[PDB]
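Structure record follows, encoded as structure tokens.
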Amino acid sequence: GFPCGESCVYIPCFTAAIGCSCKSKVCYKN
């Protein structure tokens, strides 16, 4: 639910490294 400080329109979340995932063009964790 919280933004990880990275967007993800065409490129995936580098913040997957800290457990974030792309939702609504934004990288989020819970």
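Looking at the header, which is where the method is noted, we find X-ray crystallography, 1.4 Å.
Heads up, the Cβ atoms here are built off N, Cα and C, so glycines get one too.
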Which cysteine out of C4, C8 is the one Swiss-Prot pairs with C20 in a disulfide? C4
Other CB atoms within 10 A, centred on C13 (disulfide bond): 20
Whole-number Å distance separating the Cα atoms of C22 (disulfide bond) and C13 (disulfide bond) is 6
Whole-number Å only: compute the distance from the Cα of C27 (disulfide bond) to the Cα of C8 (disulfide bond). 6
Could you round the CA separation between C4 (disulfide bond) and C13 (disulfide bond) to a whole angstrom and send it over? 9
